[PDB]
>>> print(open('structure-v5.cif').read())   # mmCIF, C-alpha atoms and all ligand atoms
data_run
#
loop_
_atom_site.label_atom_id
_atom_site.label_comp_id
_atom_site.auth_asym_id
_atom_site.auth_seq_id
_atom_site.Cartn_x
_atom_site.Cartn_y
_atom_site.Cartn_z
CA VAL A 3 36.46 -3.96 3.70
CA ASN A 4 33.54 -2.14 5.37
CA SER A 5 32.30 -1.63 8.93
CA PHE A 6 29.24 -3.91 8.81
CA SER A 7 29.43 -6.54 11.55
CA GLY A 8 27.72 -9.82 12.34
CA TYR A 9 26.04 -10.48 8.99
CA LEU A 10 25.41 -13.90 7.50
CA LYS A 11 26.59 -14.14 3.89
CA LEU A 12 23.86 -15.44 1.59
CA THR A 13 25.52 -14.92 -1.82
CA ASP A 14 28.48 -13.15 -3.38
CA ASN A 15 26.79 -9.79 -2.71
CA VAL A 16 23.81 -10.30 -0.33
CA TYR A 17 24.18 -10.35 3.49
CA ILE A 18 21.52 -10.58 6.22
CA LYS A 19 21.23 -9.89 9.97
CA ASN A 20 18.67 -9.70 12.78
CA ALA A 21 18.89 -6.02 13.70
CA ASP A 22 16.94 -2.80 14.10
CA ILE A 23 17.80 -0.78 10.98
CA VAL A 24 17.59 2.45 13.00
CA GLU A 25 20.16 1.25 15.52
CA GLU A 26 22.26 -0.27 12.72
CA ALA A 27 22.35 2.99 10.76
CA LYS A 28 23.28 5.02 13.84
CA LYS A 29 26.21 2.66 14.51
CA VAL A 30 27.55 2.20 10.98
CA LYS A 31 26.50 5.58 9.54
CA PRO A 32 26.52 3.95 6.09
CA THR A 33 26.80 5.83 2.84
CA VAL A 34 23.25 4.75 1.93
CA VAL A 35 20.35 3.60 4.09
CA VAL A 36 17.25 2.42 2.22
CA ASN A 37 13.82 3.54 3.38
CA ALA A 38 10.73 1.43 2.69
CA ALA A 39 8.89 4.49 1.37
CA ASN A 40 5.50 5.21 -0.16
CA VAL A 41 4.93 7.40 -3.22
CA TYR A 42 3.99 10.41 -1.08
CA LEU A 43 7.01 10.00 1.22
CA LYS A 44 4.63 10.02 4.20
CA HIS A 45 6.73 8.23 6.81
CA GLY A 46 4.05 7.21 9.26
CA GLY A 47 4.87 3.66 10.33
CA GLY A 48 6.93 0.59 9.65
CA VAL A 49 10.54 1.17 8.66
CA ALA A 50 9.69 4.62 7.29
CA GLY A 51 8.00 5.75 10.48
CA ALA A 52 10.90 4.47 12.57
CA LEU A 53 13.63 6.04 10.42
CA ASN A 54 11.82 9.37 10.35
CA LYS A 55 11.36 9.33 14.14
CA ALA A 56 15.11 8.85 14.61
CA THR A 57 15.74 12.02 12.55
CA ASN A 58 13.46 14.06 14.84
CA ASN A 59 11.05 14.50 11.85
CA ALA A 60 13.73 16.15 9.67
CA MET A 61 13.28 13.35 7.11
CA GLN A 62 9.57 14.18 6.85
CA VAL A 63 10.23 17.93 6.49
CA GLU A 64 12.71 17.31 3.68
CA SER A 65 10.35 14.79 2.07
CA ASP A 66 7.39 17.19 2.06
CA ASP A 67 9.50 19.77 0.22
CA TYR A 68 10.57 17.08 -2.27
CA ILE A 69 6.95 16.10 -3.00
CA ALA A 70 5.80 19.72 -3.25
CA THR A 71 8.43 20.24 -5.97
CA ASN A 72 8.40 16.91 -7.81
CA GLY A 73 5.13 15.14 -7.10
CA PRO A 74 4.80 11.54 -5.97
CA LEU A 75 7.21 8.77 -6.78
CA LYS A 76 6.25 5.78 -8.93
CA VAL A 77 5.59 2.40 -7.36
CA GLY A 78 8.88 0.65 -8.07
CA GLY A 79 10.72 3.98 -8.10
CA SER A 80 13.04 5.84 -5.77
CA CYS A 81 14.68 9.11 -4.90
CA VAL A 82 17.90 10.01 -3.11
CA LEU A 83 17.54 12.41 -0.18
CA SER A 84 19.63 13.21 2.88
CA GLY A 85 20.47 10.51 5.40
CA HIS A 86 20.30 13.13 8.19
CA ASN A 87 21.94 11.76 11.37
CA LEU A 88 21.61 8.14 10.18
CA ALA A 89 23.63 7.91 6.95
CA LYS A 90 25.10 10.11 4.26
CA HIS A 91 22.11 9.48 1.97
CA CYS A 92 18.70 7.88 2.24
CA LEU A 93 17.46 6.01 -0.82
CA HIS A 94 13.66 6.11 -0.54
CA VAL A 95 12.41 3.07 -2.48
CA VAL A 96 8.74 2.29 -3.10
CA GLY A 97 7.98 -1.40 -3.10
CA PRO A 98 4.41 -2.42 -3.87
CA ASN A 99 2.01 -2.41 -0.91
CA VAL A 100 -0.06 -5.61 -1.22
CA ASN A 101 -2.55 -4.16 1.27
CA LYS A 102 -3.26 -1.53 -1.41
CA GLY A 103 -3.64 -4.07 -4.23
CA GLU A 104 -0.37 -3.08 -5.90
CA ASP A 105 1.27 -5.44 -8.38
CA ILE A 106 3.85 -7.63 -6.63
CA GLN A 107 5.74 -7.89 -9.93
CA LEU A 108 6.91 -4.30 -9.30
CA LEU A 109 9.10 -5.62 -6.46
CA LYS A 110 11.89 -6.45 -8.91
CA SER A 111 11.78 -2.91 -10.31
CA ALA A 112 11.99 -1.57 -6.75
CA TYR A 113 15.11 -3.63 -5.99
CA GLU A 114 16.74 -2.51 -9.27
CA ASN A 115 17.17 0.93 -7.68
CA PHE A 116 19.73 -0.61 -5.31
CA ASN A 117 22.07 -1.27 -8.25
CA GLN A 118 22.81 2.47 -8.52
CA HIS A 119 24.73 2.31 -5.20
CA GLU A 120 27.85 0.29 -4.48
CA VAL A 121 26.92 -0.54 -0.86
CA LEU A 122 23.60 -0.18 0.99
CA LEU A 123 21.99 -0.93 4.34
CA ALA A 124 18.40 -1.93 3.65
CA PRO A 125 15.26 -3.66 4.90
CA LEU A 126 13.37 -6.23 2.85
CA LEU A 127 11.16 -4.32 0.42
CA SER A 128 7.39 -4.82 0.62
CA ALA A 129 7.74 -6.76 3.91
CA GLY A 130 6.08 -5.86 7.19
CA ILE A 131 3.12 -3.52 6.85
CA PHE A 132 3.49 -3.54 3.04
CA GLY A 133 2.01 -7.04 3.16
CA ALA A 134 4.30 -9.11 0.92
CA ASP A 135 5.91 -12.47 1.68
CA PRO A 136 9.37 -11.70 3.15
CA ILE A 137 10.80 -14.99 1.86
CA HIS A 138 9.77 -13.93 -1.65
CA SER A 139 11.17 -10.45 -1.07
CA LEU A 140 14.52 -11.96 -0.10
CA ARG A 141 14.49 -14.16 -3.22
CA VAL A 142 13.83 -11.16 -5.47
CA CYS A 143 16.54 -9.18 -3.68
CA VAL A 144 19.15 -11.90 -4.21
CA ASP A 145 18.14 -12.37 -7.86
CA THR A 146 18.04 -8.61 -8.67
CA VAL A 147 20.60 -6.69 -6.61
CA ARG A 148 24.20 -6.97 -7.83
CA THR A 149 25.75 -4.36 -5.55
CA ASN A 150 26.64 -5.07 -1.91
CA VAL A 151 23.50 -5.11 0.23
CA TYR A 152 23.34 -5.52 4.00
CA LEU A 153 19.82 -6.51 5.01
CA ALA A 154 18.50 -5.76 8.50
CA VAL A 155 15.56 -7.87 9.67
CA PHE A 156 14.00 -6.50 12.85
CA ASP A 157 12.08 -9.60 13.93
CA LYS A 158 14.26 -12.38 15.34
CA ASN A 159 11.73 -15.11 14.56
CA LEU A 160 11.41 -13.87 10.98
CA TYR A 161 15.18 -13.73 10.57
CA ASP A 162 15.59 -17.40 11.52
CA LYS A 163 12.88 -18.45 9.06
CA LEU A 164 14.58 -16.45 6.29
CA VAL A 165 17.95 -18.12 6.85
CA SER A 166 16.67 -21.66 7.41
CA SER A 167 14.59 -21.48 4.22
CA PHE A 168 17.16 -19.70 2.03
CA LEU A 169 18.05 -21.68 -1.08
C1 LIG B 201 7.71 -7.65 9.49
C2 LIG B 201 8.83 -6.61 9.62
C3 LIG B 201 9.81 -7.19 10.64
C4 LIG B 201 8.31 -5.28 10.05
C5 LIG B 201 9.44 -4.30 10.31
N1 LIG B 201 10.47 -4.15 9.27
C6 LIG B 201 11.72 -3.63 9.73
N2 LIG B 201 12.88 -4.23 9.33
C7 LIG B 201 14.06 -3.74 9.80
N3 LIG B 201 14.24 -2.71 10.63
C8 LIG B 201 13.08 -2.13 11.03
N4 LIG B 201 12.99 -1.04 11.89
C9 LIG B 201 11.64 -0.74 12.05
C10 LIG B 201 10.90 -1.63 11.30
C11 LIG B 201 11.78 -2.53 10.63
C12 LIG B 201 10.49 -5.19 8.19
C13 LIG B 201 10.44 -4.54 6.78
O1 LIG B 201 10.41 -5.61 5.87
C14 LIG B 201 9.47 -6.35 8.26
#
>>> encode(input="structure-v5.cif", output="structure tokens", more="lines below")
Ligand SMILES: CC1(C)CCN(c2ncnc3[nH]ccc23)[C@H](CO)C1
Amino acid sequence: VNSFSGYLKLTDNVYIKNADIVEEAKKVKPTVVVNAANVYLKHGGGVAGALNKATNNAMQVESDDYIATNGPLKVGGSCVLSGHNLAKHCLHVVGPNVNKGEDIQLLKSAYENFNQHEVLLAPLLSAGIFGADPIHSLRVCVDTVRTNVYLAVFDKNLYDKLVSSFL
């Protein structure tokens, strides 16, 4: 039993909800919140910009030190950093950005990072400003993630389309 509330169950291990991931994380304070990151961990907009804003830019400060030490992530890769005031940990995961011409096949690799964590709060990878089809992203999530994932979808209209079209 966990403290996630109001989710629709899609499969044995995938759940979904219309919610602002920032407000969700502040309420649940989950062990792991997933950020829709880029390789440089520059958290300017989308989920990343919103999560970083909620931390008063502490996420960005920590991220810049990480990059200065380690260099950029791989597309499809991830790193674990602090969750600051939002969660114990933040798993920064880089899904492909279609608006950069990045291979959508790397979306499965991106979701594989979730399997290293028993329970996660997450957005749909490569959705929003990353330019991928969110229905496809949900399909890959369900077919790749085996651990318990709680998906927050900010847009109410998009949430209804995701549920009504879920196979
Ligand atoms: C098209 C989208 C709705 C754009 C916004 N995205 C978010 N999802 C959940 N929580 C969020 N907080 C801030 C942003 C955000 C989604 C990521 O796929 C897709």
>>> residues_near_ligand(input="structure-v5.cif", ligand="ligand LIG 201 (chain B)", cutoff="9 Å", atoms="all atoms listed in the file", output="JSON, numbers by chain")
{"A": [20, 21, 22, 23, 24, 25, 26, 38, 47, 48, 49, 50, 51, 52, 53, 124, 125, 126, 127, 128, 129, 130, 131, 132, 133, 134, 136, 139, 153, 154, 155, 156, 157, 158, 160, 161]}
>>> residues_around(input="structure-v5.cif", residues="stretch 79-95 of chain A", least_positions_apart="2", cutoff="7 Å", atoms="only C-alpha atoms", output="list in words")
residues 27, 28, 31, 32, 33, 34, 35, 36, 37, 38, 39, 57, 75, 76, 77, 97, 112 and 115 of chain A
>>> closest_residue(input="structure-v5.cif", among="A:63, A:165, A:30, A:10", to="residue A:122", atoms="all atoms listed in the file")
A:30
>>> axis_aligned_box(input="structure-v5.cif", around="stretch 118-127 of chain A", padding_each_side="8 Å", output="lines of an AutoDock Vina configuration file")
center_x = 19.5
center_y = -1.9
center_z = -1.8
size_x = 32.7
size_y = 24.7
size_z = 29.4
>>> atom_distance(input="structure-v5.cif", atom1="atom CA of residue A:113", atom2="atom CA of residue A:146")
6.4 Å
>>> closest_residue(input="structure-v5.cif", among="A:105, A:67, A:114, A:120", to="residue A:151", atoms="all atoms listed in the file")
A:120
